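Have a look at the structure below, then the notes.
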Amino acid sequence: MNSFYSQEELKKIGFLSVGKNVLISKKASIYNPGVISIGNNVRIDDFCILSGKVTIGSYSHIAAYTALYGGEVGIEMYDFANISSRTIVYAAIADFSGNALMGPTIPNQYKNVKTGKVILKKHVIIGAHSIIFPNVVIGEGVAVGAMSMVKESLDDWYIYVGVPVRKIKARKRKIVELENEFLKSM
Amino acid sequence: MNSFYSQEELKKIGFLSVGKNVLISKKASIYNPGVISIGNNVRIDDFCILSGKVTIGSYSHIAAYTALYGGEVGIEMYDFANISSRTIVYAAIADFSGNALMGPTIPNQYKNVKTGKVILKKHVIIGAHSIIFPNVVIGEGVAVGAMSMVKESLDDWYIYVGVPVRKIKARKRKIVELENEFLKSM
Amino acid sequence: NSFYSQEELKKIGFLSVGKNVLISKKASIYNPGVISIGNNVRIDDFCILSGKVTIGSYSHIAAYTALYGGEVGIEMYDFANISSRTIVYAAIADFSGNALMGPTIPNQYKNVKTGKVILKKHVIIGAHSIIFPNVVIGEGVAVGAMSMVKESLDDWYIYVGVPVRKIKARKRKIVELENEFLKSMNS
Ligand SMILES: CC(C)(COP(=O)(O)OP(=O)(O)OC[C@H]1O[C@@H](n2cnc3c(N)ncnc32)[C@H](O)[C@@H]1OP(=O)(O)O)[C@@H](O)C(=O)NCCC(=O)NCCS
Ligand SMILES: CC(C)(COP(=O)(O)OP(=O)(O)OC[C@H]1O[C@@H](n2cnc3c(N)ncnc32)[C@H](O)[C@@H]1OP(=O)(O)O)[C@@H](O)C(=O)NCCC(=O)NCCS
Ligand SMILES: CC(C)(COP(=O)(O)OP(=O)(O)OC[C@H]1O[C@@H](n2cnc3c(N)ncnc32)[C@H](O)[C@@H]1OP(=O)(O)O)[C@@H](O)C(=O)NCCC(=O)NCCS
Ligand SMILES: Cc1cn([C@H]2C[C@H](O)[C@@H](COP(=O)(O)OP(=O)(O)O)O2)c(=O)[nH]c1=O
Ligand SMILES: Cc1cn([C@H]2C[C@H](O)[C@@H](COP(=O)(O)OP(=O)(O)O)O2)c(=O)[nH]c1=O
Ligand SMILES: Cc1cn([C@H]2C[C@H](O)[C@@H](COP(=O)(O)OP(=O)(O)O)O2)c(=O)[nH]c1=O
Ligand SMILES: [Cl-]
């Protein structure tokens, strides 16, 4: 079979805005859809979680198990950005240093949250099993390899790997031509 | 909207025990509820799996996709200990050496199950995508980085990172004061 | 427990399927008509099977494991098991910047990497691991946890790392044990 909402059920969800050809699995979780926005030709697979301010452009695959903890400051993805399975992107994290208490259970005034908008520029691919922390921009046409971790903004058009990531080599810009060629025949 | 049980439904699950202000997603999986006790101010998110022997104290977040398999020896977590998304704590793990058959499709004679209780002491924080193997004491105040793997027990108030983890710096103890400051005003 | 009844299962429509095959109701099966399962097989909560998967016998597919069979398929031999939160890909999008990617985009603009994934006998894949397309995991190999595998792996070794490196011989005791269990089945 397949797991997706129909254009009908989509509409009843109460999204800030949702495009056309949007396939979201009923096996995903959508928290606070009133601030979640989806452009066109998007797919979100089983067991993803979207919570808080999330904005996705058009022609993005969010693969299974991927969590987007958009918070109040948000996560945004430009067009042709894609995220492989089991990725987490965080717009807000707790403070591990030992200088604060943490998580939901604890009153704000004792915490020390790290928070910043997270943006994923065009043509970003995020490898399977990766993590992106708050306040970072992943640069235009960056690929980040599998099982990688990102704590900082990434320079455009490079491939990064590792925990935390290191720049391994350039990203081909050939996606750009194709983007245009594809867009042409629309 | 949230996916959590009403206190009504909670009790019709029947845990060895279960405190108050305890939010557990309906999208989580609780097996063997009668071997799980749960304190107060505790939250378990979508897609988690609790299995068998699990003891959770008070003031704890267990983030989504987290699996606690406590089989018979169990997992025990103190107060103010937290677990980030997508972690596994294993109280029992198969012998990988070549010397044994494995998993639930096989009789136990042909198996060499390494088992051993897992404890996470006050203020432990496990970061996301982490694994804890059996027979491990995560000392009080220990922070383990995201995408870390833990085989040995670990020293109080330190920060560990890697696969397998290694010690990289002392955790601050100021959270001691804040615990106090905080329980103080109740 | 989570599993489908024997009645519930023959209702899914698996190409083939055997007996004592416990499958969680919280796992996701896609195109069951191209998925054969042997006997004594466990698939836990939140797994995803999609496309050509063949699984033999005495196998555990731990919680959260995704097997993306595609056309080419993923094949496991008997006594192979996979641990929680693993991903097996028989197809994957070229990352180089030489092509677009995803089901959002028409086939011509992509440069999809494809190939059979075979998990031979006694294979054990550790937890949180990723295995790529066109990859033969050799007989009685163990890959550790959090491991990444992009090329074929030689018989009877332990492998760890991202990407994997060979670390030690895996012991073959397991083969005698196998025989002993199989005989104890007969007499
Ligand atoms: C990052 C990636 C694209 C690089 O592939 P590549 O161009 O073949 O690069 P190579 O395999 O030659 O390796 C280059 C270096 O990076 C390392 N490396 C490659 N992938 C890595 C990863 N995910 N994490 C850490 N290191 C990695 C290799 O060790 C090698 O190291 P060295 O330079 O010290 O020898 C690929 O390894 C990858 O991670 N793909 C993820 C696939 C995915 O997530 N798919 C989801 C479904 S579509
Ligand atoms: C543990 C952590 C807090 C430490 O970061 P930090 O205090 O800023 O210290 P640094 O980032 O300078 O890291 C120190 C070193 O460890 C390495 N390192 C840091 N985090 C690592 C990790 N998770 N795994 C492997 N290595 C890590 C870095 O390469 C650096 O190496 P070096 O000693 O060769 O320079 C952070 O990196 C981390 O892993 N956080 C997890 C957060 C999380 O899981 N959040 C879930 C949402 S609440
Ligand atoms: C693969 C495994 C069995 C190897 O364990 P081992 O035989 O105890 O080997 P050791 O602990 O001596 O370590 C061998 C080396 O590999 C490294 N290593 C071990 N496991 C690793 C892993 N998963 N990833 C990366 N490196 C690893 C160690 O740092 C050590 O390094 P060195 O030789 O360079 O000093 C074990 O490490 C493991 O990962 N088991 C996974 C368990 C699991 O996934 N279980 C599912 C539950 S049923
Ligand atoms: C992975 C996945 C697939 N499916 C369905 C829709 C897809 O068209 C079909 C198989 O697609 P998929 O498994 O993503 O492979 P492909 O790359 O060929 O699209 O199964 C879901 O409904 N939900 C899911 O989470
Ligand atoms: C992640 C998650 C959120 N929610 C709901 C309940 C929470 O009150 C709300 C906020 O979730 P969350 O994303 O954890 O935000 P915060 O970090 O501010 O708590 O979303 C669930 O019900 N289940 C979940 O698994
Ligand atoms: C982990 C898990 C357990 N269960 C059920 C079946 C088991 O009888 C019981 C305990 O499971 P588990 O912790 O897997 O025990 P074992 O090590 O014996 O396999 O809970 C599921 O249905 N699905 C799951 O994903
Ligand atoms: Cl997961």
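Letters for chains follow the order of the structure tokens (A, B, ...), residue numbers begin at 1 for each chain, and ligand numbers begin at 1 in the order shown.
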
DSSP-assigned strand (DSSP E or B) members of segment 114-161 of chain A, reported as a PyMOL selection string: chain A and resi 114-115+118-120+125-126+131-132+137-138+143-144+149-150+154+158-161

The coordinates of chain A, once least-squares superposed on chain B over all sequentially paired C-alpha atoms, should be supplied as a compact mmCIF listing (two decimals) with C-alpha atoms, in the first residue's frame.
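Just written: out_37.txt:
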```txt
# COMPACT_ATOMS: atom_id res chain seq x y z
CA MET A 1 -2.15 19.03 19.40
CA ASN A 2 -0.21 16.58 21.67
CA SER A 3 0.08 12.86 22.07
CA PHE A 4 -0.10 12.12 25.79
CA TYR A 5 -2.15 9.73 27.90
CA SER A 6 -4.25 11.41 30.61
CA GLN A 7 -3.78 10.68 34.31
CA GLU A 8 -6.82 8.42 33.76
CA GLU A 9 -5.37 6.21 31.01
CA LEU A 10 -2.02 6.09 32.80
CA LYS A 11 -3.76 4.38 35.73
CA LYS A 12 -5.34 1.73 33.51
CA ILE A 13 -1.93 0.71 32.11
CA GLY A 14 -0.87 -1.37 35.15
CA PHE A 15 2.46 0.22 35.98
CA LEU A 16 4.49 -1.12 38.94
CA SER A 17 4.17 2.51 40.16
CA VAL A 18 3.59 5.79 38.30
CA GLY A 19 4.01 9.33 39.70
CA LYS A 20 2.19 12.56 39.08
CA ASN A 21 2.53 14.77 36.10
CA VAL A 22 3.62 11.72 34.06
CA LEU A 23 3.22 12.41 30.29
CA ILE A 24 3.65 9.34 28.11
CA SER A 25 2.86 9.52 24.36
CA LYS A 26 0.33 7.01 23.02
CA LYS A 27 2.79 6.69 20.16
CA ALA A 28 5.25 4.97 22.44
CA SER A 29 5.38 1.23 23.14
CA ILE A 30 5.24 -0.08 26.72
CA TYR A 31 6.11 -3.75 27.18
CA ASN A 32 5.65 -5.45 30.55
CA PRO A 33 4.48 -2.33 32.48
CA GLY A 34 4.07 -4.47 35.57
CA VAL A 35 7.81 -3.93 36.14
CA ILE A 36 8.16 -0.33 34.91
CA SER A 37 8.21 2.43 37.50
CA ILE A 38 7.97 6.15 37.05
CA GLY A 39 8.44 8.92 39.66
CA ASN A 40 7.04 12.37 39.17
CA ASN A 41 7.22 14.94 36.42
CA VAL A 42 8.36 12.49 33.73
CA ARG A 43 7.93 12.84 29.93
CA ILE A 44 8.23 10.04 27.40
CA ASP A 45 7.77 11.10 23.74
CA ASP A 46 6.51 9.43 20.54
CA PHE A 47 8.13 6.19 19.36
CA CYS A 48 10.07 5.35 22.52
CA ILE A 49 9.99 1.75 23.51
CA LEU A 50 10.12 0.61 27.13
CA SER A 51 10.49 -3.14 27.57
CA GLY A 52 11.11 -5.13 30.80
CA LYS A 53 12.47 -3.85 34.14
CA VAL A 54 12.67 -0.06 33.89
CA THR A 55 12.63 2.34 36.84
CA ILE A 56 12.66 6.11 36.24
CA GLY A 57 12.90 8.61 39.08
CA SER A 58 11.47 12.14 38.84
CA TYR A 59 12.04 15.08 36.50
CA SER A 60 13.26 13.01 33.60
CA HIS A 61 12.67 13.56 29.89
CA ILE A 62 12.96 10.44 27.72
CA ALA A 63 12.95 12.00 24.21
CA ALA A 64 11.48 10.48 21.09
CA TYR A 65 12.61 7.22 19.57
CA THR A 66 14.58 6.18 22.64
CA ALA A 67 14.43 2.47 23.40
CA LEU A 68 15.01 1.04 26.94
CA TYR A 69 15.54 -2.68 26.83
CA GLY A 70 15.24 -3.20 30.55
CA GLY A 71 15.16 -6.97 30.40
CA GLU A 72 15.02 -8.93 33.61
CA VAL A 73 18.07 -7.24 35.23
CA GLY A 74 16.82 -3.73 34.49
CA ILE A 75 17.61 -0.16 33.90
CA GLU A 76 17.19 2.54 36.45
CA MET A 77 17.45 6.31 36.31
CA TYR A 78 18.03 8.58 39.29
CA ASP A 79 16.31 12.00 39.45
CA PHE A 80 17.09 14.74 36.98
CA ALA A 81 18.54 12.18 34.53
CA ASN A 82 17.56 12.95 30.88
CA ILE A 83 17.99 11.03 27.64
CA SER A 84 17.97 12.74 24.25
CA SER A 85 16.40 11.45 21.03
CA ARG A 86 17.12 8.06 19.50
CA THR A 87 19.09 6.78 22.43
CA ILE A 88 19.17 3.07 23.10
CA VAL A 89 20.04 1.67 26.53
CA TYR A 90 20.45 -2.13 26.66
CA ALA A 91 20.45 -4.16 29.82
CA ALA A 92 21.32 -7.24 27.79
CA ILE A 93 23.22 -7.91 24.60
CA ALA A 94 24.00 -10.84 22.33
CA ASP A 95 27.57 -12.07 21.85
CA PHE A 96 29.20 -10.71 18.69
CA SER A 97 32.49 -12.60 19.05
CA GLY A 98 31.32 -15.62 17.04
CA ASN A 99 31.13 -17.85 20.12
CA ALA A 100 27.30 -17.95 20.12
CA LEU A 101 24.01 -17.87 18.20
CA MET A 102 21.72 -14.91 18.88
CA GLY A 103 18.48 -12.99 19.25
CA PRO A 104 14.94 -14.11 20.15
CA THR A 105 14.60 -16.81 17.45
CA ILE A 106 17.35 -18.96 19.05
CA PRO A 107 17.05 -21.21 22.19
CA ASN A 108 18.91 -19.79 25.16
CA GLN A 109 21.33 -22.69 25.59
CA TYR A 110 23.12 -21.79 22.35
CA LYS A 111 23.34 -18.08 23.15
CA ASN A 112 25.85 -16.27 25.38
CA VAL A 113 24.09 -13.09 26.57
CA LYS A 114 25.97 -10.15 28.18
CA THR A 115 23.77 -8.75 30.92
CA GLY A 116 23.96 -6.37 33.91
CA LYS A 117 21.89 -3.68 35.65
CA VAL A 118 22.36 -0.23 34.04
CA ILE A 119 22.02 2.78 36.27
CA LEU A 120 22.00 6.44 35.40
CA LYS A 121 22.89 8.54 38.45
CA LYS A 122 21.48 12.00 39.13
CA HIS A 123 21.76 14.71 36.57
CA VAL A 124 23.01 12.42 33.82
CA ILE A 125 22.34 13.76 30.32
CA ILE A 126 22.72 11.24 27.47
CA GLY A 127 23.31 12.96 24.12
CA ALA A 128 21.15 12.26 21.09
CA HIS A 129 21.73 9.12 19.04
CA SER A 130 23.73 7.25 21.70
CA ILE A 131 23.99 3.73 22.94
CA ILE A 132 24.61 2.32 26.38
CA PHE A 133 25.42 -1.31 26.91
CA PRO A 134 24.64 -3.60 29.81
CA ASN A 135 26.28 -3.65 33.28
CA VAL A 136 27.36 -0.01 33.35
CA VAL A 137 26.77 2.84 35.75
CA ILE A 138 26.78 6.27 34.28
CA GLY A 139 28.17 8.45 37.06
CA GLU A 140 26.55 11.33 38.90
CA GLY A 141 26.15 14.38 36.72
CA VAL A 142 27.85 12.89 33.68
CA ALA A 143 27.04 14.25 30.22
CA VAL A 144 27.66 11.93 27.30
CA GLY A 145 27.78 13.73 23.92
CA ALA A 146 25.75 12.95 20.83
CA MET A 147 26.43 9.82 18.77
CA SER A 148 28.42 8.27 21.53
CA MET A 149 28.79 4.75 22.74
CA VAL A 150 29.29 3.50 26.28
CA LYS A 151 30.59 0.09 27.20
CA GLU A 152 31.86 0.85 30.73
CA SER A 153 30.96 2.60 33.94
CA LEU A 154 31.69 6.29 33.80
CA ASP A 155 33.49 8.37 36.43
CA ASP A 156 31.28 11.06 38.02
CA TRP A 157 31.08 14.65 36.80
CA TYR A 158 32.70 14.45 33.41
CA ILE A 159 31.76 14.94 29.72
CA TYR A 160 32.45 11.94 27.52
CA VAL A 161 32.30 11.70 23.73
CA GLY A 162 33.06 9.41 20.91
CA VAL A 163 32.64 5.78 19.87
CA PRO A 164 33.51 4.38 22.42
CA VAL A 165 33.55 7.39 24.70
CA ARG A 166 36.63 9.24 25.89
CA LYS A 167 36.63 11.79 28.74
CA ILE A 168 36.90 15.26 27.24
CA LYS A 169 36.48 17.57 30.32
CA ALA A 170 34.70 18.15 33.70
CA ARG A 171 30.97 18.66 34.20
CA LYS A 172 30.09 21.93 36.00
CA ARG A 173 28.65 21.11 39.44
CA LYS A 174 26.47 24.21 39.31
CA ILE A 175 23.40 21.97 38.57
CA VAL A 176 23.68 20.98 42.24
CA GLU A 177 22.99 24.51 43.65
CA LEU A 178 20.11 24.95 41.19
CA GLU A 179 18.78 21.53 42.08
CA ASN A 180 18.56 22.79 45.68
CA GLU A 181 17.28 26.26 44.72
CA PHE A 182 14.58 24.76 42.52
CA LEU A 183 13.70 22.14 45.12
CA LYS A 184 13.31 24.90 47.73
CA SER A 185 10.41 26.74 46.04
CA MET A 186 8.38 23.50 45.54
```

Separation of atom CA of residue 9 of chain C from atom CA of residue 43 of chain C in Å: 12.6 Å

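For the pair atom 26 (N, counted along the ligand's line) of ligand 1 and atom CA of residue 117 of chain C, the interatomic distance is 21.3 Å.
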
At most 7 Å to chain A: residues in chain C, only C-alpha atoms, as a ChimeraX atom specification: /C:30-31,95-100,102,104,109

Save the residues we just selected, N, CA and C atoms, as a short mmCIF file (atom, residue, chain, number, x, y, z; two decimals), in the first residue's frame?
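Result written to out38.cif:
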```
data_model
loop_
_atom_site.label_atom_id
_atom_site.label_comp_id
_atom_site.auth_asym_id
_atom_site.auth_seq_id
_atom_site.Cartn_x
_atom_site.Cartn_y
_atom_site.Cartn_z
N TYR C 30 5.63 -2.40 2.85
CA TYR C 30 5.26 -1.75 1.62
C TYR C 30 5.49 -2.62 0.39
N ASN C 31 4.40 -3.00 -0.27
CA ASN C 31 4.50 -3.89 -1.42
C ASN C 31 4.91 -5.29 -0.94
N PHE C 95 25.25 11.73 -4.30
CA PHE C 95 25.42 12.91 -3.46
C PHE C 95 26.37 13.94 -4.08
N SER C 96 26.98 13.61 -5.22
CA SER C 96 28.16 14.36 -5.64
C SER C 96 27.87 15.80 -6.09
N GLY C 97 26.61 16.06 -6.43
CA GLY C 97 26.23 17.33 -7.00
C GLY C 97 26.11 17.13 -8.50
N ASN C 98 26.41 15.92 -8.97
CA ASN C 98 26.17 15.54 -10.35
C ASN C 98 24.72 15.24 -10.73
N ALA C 99 23.75 15.38 -9.82
CA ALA C 99 22.38 14.98 -10.14
C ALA C 99 21.42 15.48 -9.10
N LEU C 100 20.16 15.64 -9.46
CA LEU C 100 19.14 15.96 -8.47
C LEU C 100 18.76 14.66 -7.73
N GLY C 102 15.65 12.38 -5.01
CA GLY C 102 14.38 12.19 -4.31
C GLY C 102 13.21 11.85 -5.21
N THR C 104 10.52 13.42 -5.35
CA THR C 104 9.98 14.69 -5.85
C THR C 104 10.30 14.93 -7.34
N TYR C 109 16.81 13.12 -14.23
CA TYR C 109 17.67 14.11 -13.57
C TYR C 109 18.49 13.53 -12.41
#
```

Between chain C and ligand 7, at 9 Å or less, what are the per-residue closest atom pairs and their distances in Å? Count only C-alpha atoms and all ligand atoms, order by chain and rising residue number, and return it as a tab-separated table.
```
residue	atom	partner	partner_atom_place_in_ligand_line	distance
C:46	CA	ligand 7	1 (Cl)	8.3
C:63	CA	ligand 7	1 (Cl)	8.5
C:64	CA	ligand 7	1 (Cl)	5.5
C:65	CA	ligand 7	1 (Cl)	7.8
C:84	CA	ligand 7	1 (Cl)	8.3
C:85	CA	ligand 7	1 (Cl)	5.5
C:86	CA	ligand 7	1 (Cl)	8.4
C:128	CA	ligand 7	1 (Cl)	8.3
```

Backbone DSSP call of alpha helix (DSSP H) for chain C, listed as a PyMOL selection string: chain C and resi 6-10+173-186

Can those selected residues be exported to a file as a short mmCIF file (atom, residue, chain, number, x, y, z; two decimals), in the first residue's frame so that it contains C-alpha atoms?
```cif
data_model
loop_
_atom_site.label_atom_id
_atom_site.label_comp_id
_atom_site.auth_asym_id
_atom_site.auth_seq_id
_atom_site.Cartn_x
_atom_site.Cartn_y
_atom_site.Cartn_z
CA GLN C 6 -1.45 -15.89 12.08
CA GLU C 7 -4.81 -14.85 10.60
CA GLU C 8 -3.78 -11.17 10.37
CA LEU C 9 -0.64 -12.12 8.41
CA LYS C 10 -1.93 -14.32 5.55
CA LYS C 173 32.03 -21.85 16.74
CA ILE C 174 28.69 -20.49 15.69
CA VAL C 175 28.70 -23.00 12.81
CA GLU C 176 28.92 -26.01 15.07
CA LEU C 177 26.22 -24.57 17.30
CA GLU C 178 24.14 -24.16 14.15
CA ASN C 179 24.53 -27.82 13.22
CA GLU C 180 23.76 -28.92 16.81
CA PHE C 181 20.48 -26.97 16.84
CA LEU C 182 19.47 -28.33 13.43
CA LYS C 183 20.14 -31.95 14.48
CA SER C 184 18.36 -31.45 17.81
CA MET C 185 15.41 -30.59 15.55
CA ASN C 186 15.40 -34.07 13.89
#
```

Near-residue 66 of chain C list (6 Å; only C-alpha atoms; drop same-chain fewer than 5 positions) as a count of residues only: 3

Surrounding residues of residue 37 of chain C excluding itself and chain neighbours under 4 positions, 7 Å, only C-alpha atoms, as an NGL selection string: :C and (16-18 or 54-56)
